[PDB]
Amino acid sequence: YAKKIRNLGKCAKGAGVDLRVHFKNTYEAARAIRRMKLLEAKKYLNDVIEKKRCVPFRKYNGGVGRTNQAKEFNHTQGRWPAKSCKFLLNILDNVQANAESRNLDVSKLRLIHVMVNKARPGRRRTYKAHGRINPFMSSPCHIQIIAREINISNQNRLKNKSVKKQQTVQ
Amino acid sequence: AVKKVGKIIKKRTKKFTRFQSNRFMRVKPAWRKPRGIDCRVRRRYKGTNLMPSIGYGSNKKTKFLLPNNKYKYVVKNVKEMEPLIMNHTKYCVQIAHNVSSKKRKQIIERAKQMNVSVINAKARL
RNA sequence: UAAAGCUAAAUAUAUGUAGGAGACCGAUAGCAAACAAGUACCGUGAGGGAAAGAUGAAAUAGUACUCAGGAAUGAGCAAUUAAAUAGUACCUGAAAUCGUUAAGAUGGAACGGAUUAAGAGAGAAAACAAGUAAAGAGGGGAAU
RNA sequence: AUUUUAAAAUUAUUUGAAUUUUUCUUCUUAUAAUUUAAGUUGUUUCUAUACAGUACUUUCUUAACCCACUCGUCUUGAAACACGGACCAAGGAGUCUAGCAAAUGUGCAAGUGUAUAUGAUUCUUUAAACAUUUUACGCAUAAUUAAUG
RNA sequence: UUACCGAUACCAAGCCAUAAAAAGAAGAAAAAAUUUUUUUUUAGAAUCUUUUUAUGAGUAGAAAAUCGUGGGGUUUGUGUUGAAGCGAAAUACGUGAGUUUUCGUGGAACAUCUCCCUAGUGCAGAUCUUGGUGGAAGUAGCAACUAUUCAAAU
RNA sequence: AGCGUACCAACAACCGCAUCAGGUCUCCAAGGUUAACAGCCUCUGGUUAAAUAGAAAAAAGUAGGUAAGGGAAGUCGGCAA
RNA sequence: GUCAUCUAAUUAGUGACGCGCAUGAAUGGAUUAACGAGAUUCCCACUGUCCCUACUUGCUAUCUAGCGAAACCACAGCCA
RNA sequence: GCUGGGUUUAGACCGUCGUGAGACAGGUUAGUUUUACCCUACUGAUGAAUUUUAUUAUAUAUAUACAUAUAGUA
RNA sequence: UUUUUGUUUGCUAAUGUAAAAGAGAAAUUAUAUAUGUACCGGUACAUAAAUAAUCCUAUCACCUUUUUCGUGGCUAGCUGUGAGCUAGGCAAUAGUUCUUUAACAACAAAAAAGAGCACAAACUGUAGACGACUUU
Ligand SMILES: O[C@H](c1cc(C(F)(F)F)nc2c(C(F)(F)F)cccc12)[C@@H]1CCCCN1
Ligand SMILES: [Mg+2]
Ligand SMILES: [Mg+2]
Ligand SMILES: [Mg+2]
Ligand SMILES: [Mg+2]
Ligand SMILES: [Mg+2]
Ligand SMILES: [Mg+2]
Ligand SMILES: [Mg+2]
Ligand SMILES: [Mg+2]
Ligand SMILES: [Mg+2]
Ligand SMILES: [Mg+2]
Ligand SMILES: [Mg+2]
Ligand SMILES: [Mg+2]
Ligand SMILES: [Mg+2]
Ligand SMILES: [Mg+2]
Ligand SMILES: [Mg+2]
Ligand SMILES: [Mg+2]
Ligand SMILES: [Mg+2]
Ligand SMILES: [Mg+2]
Ligand SMILES: [Mg+2]
Ligand SMILES: [Mg+2]
Ligand SMILES: [Mg+2]
Ligand SMILES: [Mg+2]
Ligand SMILES: [Mg+2]
Ligand SMILES: [Mg+2]
Ligand SMILES: [Mg+2]
Ligand SMILES: [Mg+2]
Ligand SMILES: [Mg+2]
Ligand SMILES: [Mg+2]
Ligand SMILES: [Mg+2]
Ligand SMILES: [Mg+2]
Ligand SMILES: [Mg+2]
Ligand SMILES: [Mg+2]
Ligand SMILES: [Mg+2]
Ligand SMILES: [Mg+2]
Ligand SMILES: [Mg+2]
Ligand SMILES: [Mg+2]
Ligand SMILES: [Mg+2]
Ligand SMILES: [Mg+2]
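Protein chains in written order, with this note's numbering: chain L, 594 to 763; chain P, 291 to 415.
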């Protein structure tokens, strides 16, 4: 994992190797999640899956609509990336399980590192124009998630000068 | 600008970076001299990168002296250390980057015996 | 001494096989082909014609087991190894590109040069202290 | 390590002159010193009674003042409303031989080059190195003429 | 009528290179200590050293000095107490190509500047080749064939 | 005697670089309306699928409709309807 | 091109005229019923062609879930 | 943005010119009008942020910029 | 509001100033004249006329003794602050400068004292591509 941890005893990690979900949506979801208690994050994910709360598309915001729920994050654009959300939820669950297996309280766990890297594209073919074959590739991803339990010089002359200054002030 | 320290004068502390090395990744900073019409650098327009030139060179007398005032000498072995027994105030040892730790230590020890300065004693320390 | 003929040797070999070589090439190089290459695949056909090597000393060390998972996978207080960010897409793993974190900047570009500045890192081999003394740890060389 | 000397100048002396009678009057006889000669040395701090700090060095970072137009390219002229360039990595272009030339190096020199080829007590390297029979040929040493010459 | 500001031009000084010119095959100086120790040097590399003066634009081009890469002969070395490489650097050196070093990775080779020998020897461009990767962009779009819906099962 | 005998025949099995609205030969051929193997609807057989669904129902587009009074005054031209 | 004709008006159309830059006889000339997805003009019918646009329907566009390209691109992107 | 009637591709006809292929700044007819999803511009549609920033006064005739100002909604 | 110390896992104590060294200064108005003042724009009398070439405000530390006057508080006295007068003779020494650490504003901690909205969701349709708006 990418993060500098020091003590892995208070941390619980979870990974997703090559996910069949779009890199951008998933990234957005991750961003939305970040710096949150694990349970709260899970709840948020659930809500998004049921189309109650949206994730704000702030980075990859090209063409994404203009939802009502985006006002919650001071933004205008937002979406409900279902499959991606589900994937993320699964990973969260895994992380939770891992934590349980150790000795970490799930209530005091915060997501300290939610990384989404883009995996190698799954190549497919699309057919265009005047007999033209074009790449119809997917954008798979790796997801890395880390949860964590959260609760000169003197100089004599210089000294003299300082003293003088003090005296002056007085 | 100019960087006087002792009698040691350095005319140009800044590196001369290649033209446009800051504009395209593919172009490294390593100085290359621009050729061809319409260079701007070649033509020396105000505001562009400067062209390294012989005027910049350091006085023949202090040239390869480092801040210490000693010419740096690279050392791979004790035998090599030895040419500088009669020169401890004028050349300073640097131990080769590829020397194994024991050998380095030995070299350092030798240097101390000789009173010769080591500029990189701390490698693998 | 024509209008009949034969005849070994030296001489030539980018073909084939078999040897031996190099101041040769080192996987975009070298044969097209270091690998199930004239193979896959394309062309009605004559023809055209690739890409693709490397884990480790040893897989007779190729991931046991536990937990979460529909499963993949993940995680481990677990496990092979010297080493798994050597996990079979496996040596090294650059750049473009992208992610996380931090710092900073931001009124229709950005970067840059010249000169400072404030930060933020780095550093002591010029950037102070030779020697003298008390006593430890070492190393030597010589004299007889 | 003798032009950081010699002289100039200046200071305190010493002998003789001068018309500019003058505590900087000049020459000159002699001796010491000094610097106005003969390119900056001294005093006191500070860093500092420090081993790296917030000081000092330097890399990066933005600022800020002033400046700064996309490079390559063909062109009288490119920032061009000229073309090529999305980006990056690797590959990617005056070479090799034949004969001639001048340049220069080297050996030999009216010669020179041992060509093929032979010979060896030569055989991992040895496809090189060595050796050249107990008037070869090249180029040069002579030119000139269509030509017998 | 002055005064002032104002160039890479001019002047004064330094330093760098180039060109030329002078010229060159033996010796103790000082300081610190306390008369003797300690601290520095004690030079002589002919394309070299010392000094002097003048000069320094530059495309096409020419030349010289360097620098680096793959291999060779020679030379003296570095490696599992970790080589090459790679990434970041560095009170680093060089005008500069670069060189050298530190940390991290790496896990096996690597140099030569001692001389010179050889080359398939240096890239930002060629609508360059090959392989990769972007912004465009989570956008265009996934609109012929009249049309689906409910319940259950897996 | 031997050989062929599955299945597809395009709707995704063929050729169109593809599970591409294209192309590709032949036979069988129901009721109604009707001149009609036309078109429209139905029975037998076959599907209810087609590189997507859902929600909204702006502009704009595209395939359509319909427009008072006028009737080519539009436009190169009654093109289109 | 002049006279007619068609129109409220005609560089069009038709019928004449003809010293015709440069028409003309199988380079076929002149005339022709029928035929033509032929070229041209006028008339009637008919209409959103137009006056003068309006409303409306499917399918797209639109938003969502899912998936998901490309051309192009020196860097980029306000003007006088 | 359209239209494509002409001009200015290939088909074709006539006239003149050319031995001819063909020529015509002579005539006549038939002849594919591709792409916005980029940036800006414009038209509309949301919408944060804004202390070296503000202030035409405030306060009980006197004061005070050597001063006020939070913010969030509406 | 006052005081104290500080600002020498991504965090969980916290710093920034285009400008402090006295950053001192409120008639108005004309420019071939103004300003006051007193009467009825007019008259008379003053006044500025190098107007910031000025004026104001600085340094009197100390504590104690003899006080005087002003201002602010509470029920003539008391206390605090500012200014003068009189007496006591008292203090600062950093070894020659290296900013004269002296301002403003924000904070953070410590003690002390006092005292609900909005979005969504459903609904709406005066709105509308989606937001947004209009509603409930
Ligand atoms: O020219 C002399 C000299 C002599 C000799 C010697 F005679 F020994 F061969 N050799 C010299 C050399 C040398 F030849 F290399 F030995 C160089 C320079 C000077 C040399 C110098 C004179 C100055 C002192 C050094 N030797
Ligand atoms: Mg030019
Ligand atoms: Mg140019
Ligand atoms: Mg024969
Ligand atoms: Mg190959
Ligand atoms: Mg080891
Ligand atoms: Mg590794
Ligand atoms: Mg290996
Ligand atoms: Mg690897
Ligand atoms: Mg400018
Ligand atoms: Mg031109
Ligand atoms: Mg061209
Ligand atoms: Mg281009
Ligand atoms: Mg290219
Ligand atoms: Mg290359
Ligand atoms: Mg010659
Ligand atoms: Mg020059
Ligand atoms: Mg190397
Ligand atoms: Mg080459
Ligand atoms: Mg390149
Ligand atoms: Mg080039
Ligand atoms: Mg390519
Ligand atoms: Mg059958
Ligand atoms: Mg069957
Ligand atoms: Mg089909
Ligand atoms: Mg085919
Ligand atoms: Mg289909
Ligand atoms: Mg009508
Ligand atoms: Mg009518
Ligand atoms: Mg008309
Ligand atoms: Mg009209
Ligand atoms: Mg029609
Ligand atoms: Mg008409
Ligand atoms: Mg007629
Ligand atoms: Mg004729
Ligand atoms: Mg016909
Ligand atoms: Mg692309
Ligand atoms: Mg046309
Ligand atoms: Mg034609």
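We put the CB at the ideal spot given by N, CA and C, even for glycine.
* Sort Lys630(L), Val614(L), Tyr594(L), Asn600(L) by Cα distance to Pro733(L) and report the nearest one. => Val614(L)
Own chain, CB closer than 6 Å to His706(L), minus 5 neighbours either side, in chain order | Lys596, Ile739
Original post:
Who are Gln384(P)'s beta bridge partners in DSSP?
Top reply: Paired residues: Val364(P).
(Q) By the three-class DSSP mapping on this structure, what secondary structure does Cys604(L) have? (A) strand
Q. DSSP beta-bridge partners for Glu742(L)?
A. Note: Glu742(L) sits in a beta bridge opposite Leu702(L).
Just reading off the alpha helix (DSSP H) that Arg718(L) is part of, what are its end residues? No alpha helix (DSSP H) holds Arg718(L); the beta strand (DSSP E) holding it covers 718-721.
task: Quick one: grab the DSSP three-state call for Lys323(P).
output: Of the three classes helix, strand and coil, the one that applies to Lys323(P) here is coil, per DSSP.
request  = Pull up the CB-CB distance for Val709(L) and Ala605(L), whole angstroms please, since I reckon it's below 8 Å.
outcome  = 18 Å between Cβ atoms; not a contact.
task = Please name the residue or residues paired with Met708(L) in a DSSP beta bridge.
result = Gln737(L)
Could you pull the DSSP bridge partners for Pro728(L) from this structure?
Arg718(L)
Task: Coil, strand or helix - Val610(L) by DSSP - done: It is a strand residue.
Going by CA-CA distance only, name the one from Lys630(L), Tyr620(L), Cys678(L) that's closest to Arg646(L).
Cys678(L)
Spatial distance of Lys721(L) from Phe729(L) (CA atoms)
So the alpha carbons of these two residues sit roughly 11 Å apart.
Going by CA-CA distance only, name the one from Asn359(P), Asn405(P), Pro357(P), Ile397(P) that's closest to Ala413(P). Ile397(P)
Backbone CA spacing between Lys353(P) and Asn600(L) [nearest angstrom]: 51 Å
Going by beta carbon distance, what residues of the same chain come within less than 8 Å of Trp673(L), once the five residues before and after it are set aside?
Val641, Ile642, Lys644, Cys647, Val648
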